[PDB]
Each structure stands twice: as structure tokens, then as C-alpha cells.
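Okay, so here's just one chain, in C-alpha cells, the form solved without this ligand.
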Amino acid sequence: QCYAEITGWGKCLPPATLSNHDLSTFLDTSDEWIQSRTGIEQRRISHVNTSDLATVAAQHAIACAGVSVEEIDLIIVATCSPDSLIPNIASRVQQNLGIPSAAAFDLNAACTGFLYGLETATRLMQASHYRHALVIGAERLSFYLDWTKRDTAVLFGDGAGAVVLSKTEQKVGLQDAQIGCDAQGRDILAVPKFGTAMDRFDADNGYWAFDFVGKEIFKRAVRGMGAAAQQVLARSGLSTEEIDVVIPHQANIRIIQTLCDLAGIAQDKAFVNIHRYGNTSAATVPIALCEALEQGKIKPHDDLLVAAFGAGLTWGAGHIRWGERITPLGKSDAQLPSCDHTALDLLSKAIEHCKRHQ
């Protein structure tokens, strides 16, 4: 029996920052409304491609683990906003980092993608030969947004987080996990007309609908994550009291609080950074984990609960038993190209196109 220890962690948040007030300047919204409704105060807008964010997050996680690029056997990029479909962007990260030979694939399960990736990488390592893995959640959701639609325009942001996993006989890393999908709810959270369902040659094909039935999403999210968490707890033989830290998906602070409140888990155990970054889909969990660790919120041998949900409606929970080390073995000086533009400058063109089309 073996396990996939999380030996490295890393993050990449692009610099350009879009505040709630910024949004209020071109949208019929308010900082009060956004902040009280969602807990979000800021989010980041990338001046680079998704794969670029993924790459920097990877470099930091690799440095953190002290592993050689030559030792990585598997690369998973959880994203729903890839630079390209042919080829995948896992291979771009691989090319960028000089990793030879490794299996490289993109995994799309929306905001639950990092948890799906962690589960997949862990089980691949447990049942076969993979010695080390890189699992990255990375998104440029700003690509998708309709800047005239306040319901969705204020929720999402860009970023990446990564882990490195290493095979071990110690009982650490992801233990039990339950991942799933409530497909009867597929239509409540969707951009159905970006992908091969779109009309390639229609000049209005950029003006797609972003379906977001907020209340039903909230209900189904709390239900799905909560039930998944119950299953993992029950199978683990841990009480709710023995969970040391919750690292939740960051969609809405009220969902986080409800999940905790209903699971009987103390609210202060939940790591929250949604106020800084908004909902970065697949990146939420690995960014939160990285920052939890950076901030000393996780101690060695802690039991962590992870939970997430997203379009699908995909959902998941997992139990991670931490090992001995919560500090990086080294640091990377990797960075994004400098950006000379505010978020508002970066979005300028898109905001004008969306507004012009109404």
C-alpha cells in the first residue's frame, strides 16, 4: 500500500486587480451588494494565458518540493479555460518546464477540477508506477464573462495553484475522497456556446450567454458538498471534531459558512481567501491550500477536509492527512512578465464590445 504525499505547493495570482468599486463604475452594482452577497472584495485579471499562470504555480510547487523536473511522471491541469484544445495545456506546462516523458492531460470538471485532479493523480500513483506528479488548477475565467451581466461578472477571477505529489509508504496525502456529479442540474451553470457547439463563422459568436441560476446553484452546492463530506467522514472513521482545517472551494462565503454550519464544523477552521480573488474555479482549492500553508494554518499530521462544486453540477470532498513538513524546501524566483496596466485597462476592449452589442 502506498500514498501520494503533498510535498510541494505553489500559486500564481496575476497582478492586475479589479475591486468591487471598479465593477460599480461600468455595472449597475455596488461594493455593498457584492461584498454582503458573496464576501468578494477584489479579484485578479490575467494579462497572460492560462498556461502561463499554470506554469508559474508549477515552478513554485516544484521548488517547494525540491523535486527534479526529471522525476515528474504525471502532469494534470484542471481547467475549463485552456489556451487551446489542440494541443492540451498540460503539455505546454511540460514544454515550458522541460519535463521529459511525463503523461500530461487536461481535466475538465469545472470548479471541482482540482479535487478531481488530486483524486486521479493519487489513485494513478497508488495503483501504478508514477513516482511524482504535478496537479495544477488554473483558470482565466475573465475570458468568458459578459461585462453587461452583473450576476456573473462580479463572481469570477483568474489565477492558478499547484501541488507536487510524491509516492510514499507513510499514510499521508489524500486518503478517502468522494467525487461526483449531479447532472440533472447541468443547465443551471453553463456557457453552452463556447466550444464546438458554437458557430465558427458567425461574427456574433463572441456574445454568448452565461447561464447562472444563483439560488438553485447555492442549494445544490450545499447539498452535494455536504453529502460528499459526510461520506468521507463516515468512511474515514473520524469525527467532525477531528477535522483540523477545511480548505473549501471559494464560490461564496455564505456557501462556505453554510457547509461548515450544517456539517457541525467550527467556522474558524475554514480557510477563506475569496475576498481577495473571487471564484477562480479550478484554482480556488490549490491557492487556498498553498496560502493556508504559507500562513501556518496547517500543522503537521493535521486532518484536512477539502470540498468543491461547479458546473456539471460536479461536486466532491476529500480527506487529506498531512505529513511532517509544512514549509518549502526551496523557493522559485519565477514570475509573470511585468504588467503595466490596471485591470480596468486590460478589460477595456471586452467591456466596450459587450456594451456596444446590448
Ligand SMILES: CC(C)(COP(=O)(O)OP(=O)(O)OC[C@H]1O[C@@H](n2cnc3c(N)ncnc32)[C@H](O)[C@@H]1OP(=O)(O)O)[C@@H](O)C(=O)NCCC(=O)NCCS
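Throughout, we count residues from 1 along the sequence that is shown.
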On average, are the C-alpha B-factors higher in 92 to 100 or in 271 to 279? 271 to 279
43 to 51 set against 27 to 35, stretch whose average Cα temperature factor tops the other in the entry: 27 to 35
Would you mind checking which of 178, 175, 205, 112 has the top Cα temperature factor in the PDB entry? 205
From the list 234, 246, 121, 259, select the residue with the highest C-alpha B factor recorded in the entry. 259
Relative to the other modelled residues of the same chain, rank the CA B-factor of residue 196 and answer lowest, middle or highest third. middle
Position of residue 132 among the chain's modelled residues by C-alpha B-factor, lowest, middle or highest third: lowest
Within this chain's modelled residues, let me know which third the CA B factor of residue 224 belongs to: lowest, middle or highest. middle
Test of reading the entry: by CA B factor among the chain's modelled residues, which third contains residue 354? highest
Per the entry's values, where does residue 156 land by CA temperature factor relative to the rest of its chain, in the lowest, middle or highest third? middle
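As for the form deposited with this ligand bound, it is not shown, yet the points below apply to it.
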Using the pose of this ligand in the bound PDB entry, placed onto this unliganded form by C-alpha superposition round the site, state open if no ligand atom is within 2.4 Å of a backbone or C-beta atom and blocked if 3 or more are. blocked
Taking heavy atoms only, is residue 332 within 4.5 angstroms of this ligand in the bound PDB entry? no
Does at least one non-hydrogen atom of residue 105 fall within 4.5 angstroms of this ligand in the bound PDB entry? no
Is residue 325 a contact residue for this ligand in the bound PDB entry, using a 4.5 Å heavy atom cut-off? no
Going by a heavy atom distance of 4.5 Å, is residue 38 a contact of this ligand in the bound PDB entry? yes
Out of 269, 167, 254, 275, which one falls within 4.5 Å of this ligand in the bound PDB entry, going by heavy atoms? 254
Within 4.5 Å, heavy atoms only, which of 226, 214, 206, 180 is in contact with this ligand in the bound PDB entry? 214
Decide yes or no: are 3, 99 and 131 jointly within 4.5 Å of this ligand in the bound PDB entry, with each residue judged by its heavy atoms? no
51 to 59, 66 to 74, 24 to 32, 298 to 306: which one contacts this ligand in the bound PDB entry at 4.5 Å, heavy atom to heavy atom? 24 to 32
Using a 4.5 Å cut-off on heavy atoms, which residues of 161 to 191 contact this ligand in the bound PDB entry? 189
